[PDB]
There are 6 protein chains.
Amino acid sequence: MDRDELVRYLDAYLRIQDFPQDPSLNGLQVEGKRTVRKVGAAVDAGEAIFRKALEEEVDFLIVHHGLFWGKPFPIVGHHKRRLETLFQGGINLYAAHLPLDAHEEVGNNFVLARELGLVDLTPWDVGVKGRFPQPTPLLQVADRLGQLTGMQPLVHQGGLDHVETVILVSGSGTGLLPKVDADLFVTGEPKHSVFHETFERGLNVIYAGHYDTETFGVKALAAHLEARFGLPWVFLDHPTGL
Amino acid sequence: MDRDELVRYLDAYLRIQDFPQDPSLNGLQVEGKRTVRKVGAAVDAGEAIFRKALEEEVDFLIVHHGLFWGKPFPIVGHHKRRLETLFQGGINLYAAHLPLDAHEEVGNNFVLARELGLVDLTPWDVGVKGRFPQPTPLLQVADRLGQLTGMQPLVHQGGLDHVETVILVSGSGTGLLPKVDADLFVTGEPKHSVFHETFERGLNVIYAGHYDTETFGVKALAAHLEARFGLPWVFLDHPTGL
Amino acid sequence: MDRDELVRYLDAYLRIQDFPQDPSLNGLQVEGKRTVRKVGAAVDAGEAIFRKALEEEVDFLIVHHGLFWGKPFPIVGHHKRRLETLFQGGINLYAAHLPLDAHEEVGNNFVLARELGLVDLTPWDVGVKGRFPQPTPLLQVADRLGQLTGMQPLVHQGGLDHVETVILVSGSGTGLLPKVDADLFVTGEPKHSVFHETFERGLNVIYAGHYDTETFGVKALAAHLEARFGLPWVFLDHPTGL
Amino acid sequence: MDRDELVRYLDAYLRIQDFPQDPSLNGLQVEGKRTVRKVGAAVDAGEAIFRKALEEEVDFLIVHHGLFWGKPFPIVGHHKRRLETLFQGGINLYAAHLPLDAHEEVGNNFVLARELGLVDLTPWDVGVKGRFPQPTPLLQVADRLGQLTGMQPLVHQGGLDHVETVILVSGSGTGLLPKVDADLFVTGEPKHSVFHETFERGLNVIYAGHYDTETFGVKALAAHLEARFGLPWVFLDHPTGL
Amino acid sequence: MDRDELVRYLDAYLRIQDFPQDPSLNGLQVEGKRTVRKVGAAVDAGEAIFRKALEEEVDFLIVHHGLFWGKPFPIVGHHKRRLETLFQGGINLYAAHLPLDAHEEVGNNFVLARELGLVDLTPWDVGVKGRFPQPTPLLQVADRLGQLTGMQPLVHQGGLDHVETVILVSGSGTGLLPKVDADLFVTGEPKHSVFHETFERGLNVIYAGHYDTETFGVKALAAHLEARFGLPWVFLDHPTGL
Amino acid sequence: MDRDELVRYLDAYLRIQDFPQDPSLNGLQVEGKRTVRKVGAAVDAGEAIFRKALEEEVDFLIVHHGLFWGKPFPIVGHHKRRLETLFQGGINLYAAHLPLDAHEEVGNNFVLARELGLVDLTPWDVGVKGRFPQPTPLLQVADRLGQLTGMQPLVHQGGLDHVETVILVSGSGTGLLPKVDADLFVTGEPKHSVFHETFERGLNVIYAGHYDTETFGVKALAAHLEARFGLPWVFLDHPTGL
């Protein structure tokens with residue numbers, strides 16, 4: 001496939017123009033081969049992931065967390081090595097941050113919701129949709145998470161023992177705590193600074209990992225492109241434990 | 001014992017003025033009784049810690065994370081309950097953020113660093129930079145930390161198994177990662193987002209918990225007040241696990 | 001009445017979401033009893049007004065000038081005493097700034113206009129509507145003001161002796177002087193810095209007091225709630241002379 | 001007598017440079033004739049004061065509130081008439097805002113404070129802080145003020161009937177109210193919005209008029225020029241009543 | 001013609017309210033005679049142009065580059081002389097920056113396009129429309145420019161030798177280089193900082209002068225007013241060579 | 001010869017730290033080989049200059065205008081080709097903007113000024129201010145400039161035919177025009193927009209090309225490295241004509 005059409009389609013499909021306040025540079029971050037034959041999907045940009053893409057002969061690497069964030073950094077040290085690797089392999093680097101978080105079809109959140117049970121889905125803040133029944137299951141939604149992640153999540157029960165309304169927001173959603181108005185809140189990374197507030201306000205919160213929750217978008221996205229363009233794809237795994 | 005006397009001391013001693021920028025409103029955050037007889041020390045301001053202060057007749061509660069962060073919120077829900085408890089027990093709430101991270105005699109970093117065996121200590125941002133008198137195995141440092149807090153720390157070994165120069169910044173210090181230039185960096189909370197950079201740069205980092213690294217200052221300061229004015233004190237522990 | 005419904009209704013009725021650039025924190029500023037039985041209305045928040053609300057057994061105090069303005073202040077001194085009073089009386093504090101100024105039904109300005117004569121009403125800048133005929137009365141609209149206020153207003157006649165178009169803007173509207181395009185401008189507080197401009201530009205301006213002009217909203221609002229919910233109300237008077 | 005010579009003097013003497021922040025464009029605001037023979041002094045720049053300067057053959061008009069406030073406006077209406085008058089009489093417009101509030105020899109605050117009997121004067125923001133040699137009754141201070149300006153001042157007595165430490169900030173100084181820490185605070189214009197805080201904090205404040213407190217500096221400075229260069233001067237009075 | 005109607009019409013016709021982010025103060029910058037009898041058009045405000053307007057008895061001078069840009073400057077030196085000249089001649093100064101650049105009827109760009117050949121016109125960024133066929137002419141559009149300007153333009157050919165799509169943006173459009181997506185880009189002033197980028201990206205760029213390209217709006221505008229109001233006009237020429 | 005050694009030298013020597021504000025990322029912008037044998041000097045970073053550096057075995061390329069300006073862009077098109085070329089030749093890219101404009105020994109301004117015959121040189125913004133030992137005809141200065149760069153400079157004579165005090169600010173220095181207070185001002189690129197101000201103020205200005213005035217520093221610095229470390233160097237010329 002022509003790389004320039006793939007980039008055009010993706011910018012369109014994810015409509016990255018709708019998230020102009022995302023620090024990360026969404027879209028094609030590093031140019032590679034003009035002819036794409038194999039898609040790679042991964043959570044984070046990094047030398048390790050890049051070496052794996054090189055080994056798996058990936059031509060178009062899609063990541064949720066890219067290389068740019070408004071901060072211009074010198075192409076020195078580990079920044080240089082990363083580029084040498086992409087260059088060496090003619091690898092295209094396409095980054096999708098907030099827009100991949102929010103997307104209703106392949107977005108981290110909508111996708112995870114479904115693979116959980118949530119129904120009556122509706123968007124909630126960027127990146128997500130959250131809030132929508134089951135109805136009435138215990139708080140052992142902590143188990144579906146665990147088996148849908150391979151890792152037992154951290155749960156902070158300040159409220160109920162049974163939840164109905166659930167708001168999802170992968171990655172670092174704690175900043176959104178104050179607006180949470182569901183029986184349960186699902187996110188990835190836990191912050192010490194929100195501990196007491198969570199209980200005092202009787203909130204139920206499950207932390208399933210920043211990596212383990214932002215794994216769902218890239219995968220969906222790659223699968224989507226294979227359905228519509230027949231591009232084969234591979235998932236490049238780099239668990240961080242956070 | 002006089003409350004306004006104790007506050008002028010702390011402000012001067014902590015050099016509250018040298019930290020204009022700290023989003024935390026440093027100093028007396030909530031006025032309580034005038035005659036202080038027993039001091040209280042705690043990492044976080046919260047209902048659970050306030051009730052404990054109440055139960056133990058604490059007259060002056062010193063906290064590291066206070067209630068104000070330059071963004072006024074309405075007195076409702078948990079916020080109102082928090083003030084009512086303080087009012088009930090006529091408790092003074094004194095908050096010290098950066099001033100206490102940085103203090104050379106009772107601050108979080110200088111105190112932990114000293115107990116950790118580091119020497120030749122010098123200010124480094126709000127933390128400190130020093131060294132071990134001789135190359136020290138990284139696991140042995142991880143252990144000392146574990147003994148000091150009762151919890152085995154998370155170790156990200158991107159470099160050698162031995163270290164000698166160290167940077168210590170308690171709490172959530174991952175923001176300073178790019179500026180780190182020592183064999184080892186000890187901080188509180190880890191962040192998924194600096195994982196790859198840690199290893200690609202070959203940095204050795206040990207995360208010992210936000211709560212567990214920020215208990216030293218508050219304690220050293222109460223102890224200091226007891227030595228200076230004879231005020232008895234208690235530590236109002238409420239481990240967060242983060 | 002349930003306090004939470006009263007707060008929901010008010011936020012709706014005044015549609016405080018339309019004035020996101022108001023420094024004051026509009027809405028419920030301090031929580032009190034959940035069951036409202038008597039409404040209090042006053043121009044300014046303050047210990048005196050609060051003691052009176054306590055004496056009149058007010059459960060839900062509505063003020064135009066509340067406690068918060070983006071500036072986080074320590075709960076010390078007079079700030080603490082104010083809260084003790086609201087707490088002591090289970091008094092709910094609801095503040096309505098710009099939205100109470102502008103409201104077309106109970107807003108300071110629209111209401112005052114009508115009680116003056118103005119017809120063909122239409123909004124003009126936030127807080128007001130201003131500009132609309134009589135038609136053709138002398139400048140002794142300064143007298144209706146005085147008897148509709150109990151105090152003779154200050155009048156600066158730079159233009160006509162008879163006015164037709166009148167713009168109203170209670171409180172401190174002088175900042176809006178440069179845009180005034182009516183035969184007369186009505187506001188509350190006079191500023192030395194606009195003296196010469198007012199005459200040189202042949203403007204007619206009447207200053208009827210900051211307090212005396214922002215008295216009309218709270219009253220209307222309280223009367224509205226009694227018409228729709230049968231809540232009785234009382235006006236808490238604290239004239240400042242400005 | 002040489003106009004550029006007189007301007008370099010004033011800029012240096014007034015220390016115009018030490019006030020970068022002053023929104024007022026300090027210094028020569030409108031160039032006039034080169035040979036200065038008679039100086040003029042006035043609180044405000046305005047058509048009425050400019051015509052008076054014209055009628056009295058004023059060559060160099062020193063003003064406290066000039067025409068520029070870092071927000072360019074078009075030369076139309078009263079703005080153009082203002083410049084035409086200055087051009088007609090070949091009048092130089094020299095404006096000094098904060099530099100003249102603060103000057104220790106001819107500034108508004110130091111001069112008034114001295115005539116008011118205060119001693120041990122020291123800078124306090126752009127005003128001054130000092131004391132009476134002995135506890136002085138508040139009404140006796142109010143009277144001295146009244147004799148000095150010809151108008152009885154507004155007295156907000158939130159504290160004792162006697163005072164000794166005083167803060168003096170001419171003009172609209174109510175902004176510094178929270179920082180005030182003296183038995184008395186004398187300023188120009190009062191503000192409805194700081195009324196309750198004045199009394200709740202127990203502060204004694206005397207408002208003597210914006211115009212009436214800002215006539216001292218301009219006068220002291222002309223008088224100073226006469227002593228230094230023999231230039232005759234006049235005071236172009238135009239009381240504002242505010 | 002009544003000057004106030006002329007100003008109202010112009011503000012309307014150019015709809016200057018649509019360009020609120022233009023540093024220059026668009027509209028009537030300096031007031032003159034109320035009765036307009038002769039229009040003057042010129043590229044830049046300046047003493048020379050003003051003296052010529054005085055000589056040609058212009059009553060209403062229209063310029064693309066006016067006197068104000070948000071920066072308040074003292075009416076001293078050359079700024080004073082400029083005003084004396086406008087005053088002396090009762091000359092009205094009307095400035096039109098971005099809005100005259102963009103206007104589809106008399107705008108610098110649309111007008112120049114037509115006088116060049118471009119068809120299928122459509123706006124592109126402020127000030128212009130750019131991009132639209134011929135179709136297929138060599139790069140000797142550099143000659144039409146030259147004869148339509150009296151001066152041979154500077155041409156930087158990095159791309160084709162024959163162009164079809166052309167984007168126009170008079171004055172200093174280089175800042176827009178990165179978004180240029182046509183076979184040719186037309187602007188007035190060349191910048192050293194865009195040299196290499198222009199070739200490396202295979203862009204064709206023709207620099208026809210800042211003065212020589214922003215000559216077209218004022219002229220059209222004046223001609224428009226003569227067609228609709230019978231006001232005669234004259235063009236005041238001040239070539240700068242840039 | 002050691003690359004990290006050469007970089008610490010340059011940073012210190014150039015006083016890179018004293019220029020925090022420079023939008024240019026000063027220092028090593030792209031890491032290359034560790035063992036430096038031949039230095040390269042050039043005004044601009046660009047593909048044409050990089051290829052030349054490659055062809056001449058340049059190991060360390062010193063440039064005045066680098067690739068980074070605190071606004072990260074994606075590695076695509078010419079941007080990627082630029083890095084590939086540097087990577088190919090293992091070339092280090094060291095960029096010095098303001099530090100090199102201002103350096104007293106090898107900076108652009110001090111060096112040119114000295115070769116131009118000026119004396120009593122002192123810093124003036126990032127340029128320099130000095131004088132000729134005796135009144136010098138403006139055309140004779142224009143000629144010296146012409147001999148120094150091989151191109152006759154543009155002369156805007158708004159003042160006398162003779163000059164003695166001079167301000168020199170290479171590159172695009174027209175921004176400092178309002179602050180200029182010398183008989184002559186020499187800079188690189190002219191700007192249409194400061195044309196009238198130049199003559200109305202009576203200023204003498206000579207524009208000698210952005211590229212032609214910014215070749216001195218880069219050259220002086222390589223020459224300096226050769227004197228200090230024996231490193232041979234070449235000048236990679238690519239005149240821009242601007």
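Atom set for the values below is all heavy atoms of this structure, side chains included, hydrogens, waters and symmetry mates excluded. Naming: A, B, ... by sequence-line order, numbering from 1 per chain.
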Checklist line | Heavy-atom proximity to chain B below 4.5 Å, by part of C/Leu28 | finding: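 For C/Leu28, the contact with chain B is made by backbone and side chain together.
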
Note to self: Just checking B/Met151: does its CE atom have more than 12 heavy atoms from other residues, nucleotides or ligands closer to it than 6.0 angstrom?
What the structure shows: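 Open: at most 12 neighbouring heavy atoms sit under 6.0 Å from CE of B/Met151.
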
Produce the donor-acceptor pair table for chain C versus chain B, cut-off under 3.5 Å.
from: C/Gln29; atom 1: O; to: B/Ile75; atom 2: N; distance (Å): 2.9
from: C/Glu31; atom 1: N; to: B/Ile75; atom 2: O; distance (Å): 2.9
from: C/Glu31; atom 1: O; to: B/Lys80; atom 2: NZ; distance (Å): 3.3
from: C/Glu31; atom 1: OE1; to: B/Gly77; atom 2: N; distance (Å): 3.1
from: C/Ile75; atom 1: N; to: B/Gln29; atom 2: O; distance (Å): 2.9
from: C/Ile75; atom 1: O; to: B/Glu31; atom 2: N; distance (Å): 3.1
from: C/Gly77; atom 1: N; to: B/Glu31; atom 2: OE1; distance (Å): 2.9

Check: Measuring from C/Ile75:CD1 to B/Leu86:CG, what's the distance to the nearest 0.5 Å?
Finding: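 So the CD1 of C/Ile75 and the CG of B/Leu86 are separated by 10.0 Å.
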
Note to self: Looking at every heavy atom in both C/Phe68 and B/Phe73, which two are closest together, and how far apart are they?
What the structure shows: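 C/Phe68 and B/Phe73 have their closest heavy atoms at CZ-O, 3.9 Å.
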
